[PDB]
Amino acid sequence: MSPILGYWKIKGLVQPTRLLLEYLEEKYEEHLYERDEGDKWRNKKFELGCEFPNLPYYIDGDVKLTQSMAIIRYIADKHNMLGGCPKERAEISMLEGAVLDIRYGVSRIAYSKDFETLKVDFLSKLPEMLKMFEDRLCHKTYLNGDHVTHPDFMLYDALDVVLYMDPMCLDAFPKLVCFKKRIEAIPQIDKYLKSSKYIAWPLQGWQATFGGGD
């Protein structure tokens, strides 16, 4: 009747998936566990039929999927966006990993006691990572060319987050600044960000030192 995307009521690992779903105008319902509902999750964790119980999870009546990256790729796969041949498929997975180096680079330091200092190390190397995408966008509208692929929403999510860590990290990366605005300009995305469904905060778990809180 309608696929279900379950996760904490935060951006975290699943925000890019939500954006991809909105871009595709796919119908879905959400199981959003609030910060005071850890017990609620534990009572459902093992009764969903998931072989590798975790959050996020995506139940499609066709699959009981868990890992965030498998979920985003599945939805894109349903719409035939994963590639066309091994080379394009690898190209897209390479973009995936590259964006993850940034997004995980943030999550990895979030919630540690040393976040304030680890943040300076991450930000010192952020430019080198960002530069690769800036170059990539030199002759391509989106990461994989003229057409949107899931890594575009992944990059979008990563940019949204690092801007919170350093509001100036994109100064000097005009292509990236344009890209972020282009994604927001996509009718479906524009509508979603301005909707009741948009979860603007937190970036990480509420308990995180960075991107946490209400």
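Residue numbers run from 1 along the displayed sequence.
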| item | value |
| --- | --- |
| Higher-B stretch (mean Cα B-factor, as the entry records it), 6-14 or 193-201 | 193-201 |
| Stretch with the greater mean C-alpha B-factor as recorded in the entry, comparing 153-161 against 177-185 | 177-185 |
| Residue selected from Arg103, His79, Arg136, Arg89 by maximal Cα B factor | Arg136 |
| Residue selected from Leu55, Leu32, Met69, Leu48 by maximal Cα B factor | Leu48 |
| Record-listed C-alpha B factor of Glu96: chain third | lowest |
| Cα B factor band for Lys113 (lowest, middle or highest third within the chain) | highest |
| Modelled-residue ranking by C-alpha temperature factor, third containing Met129 | middle |
| Chain-wide C-alpha B factor ranking for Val120, given as lowest, middle or highest third | highest |
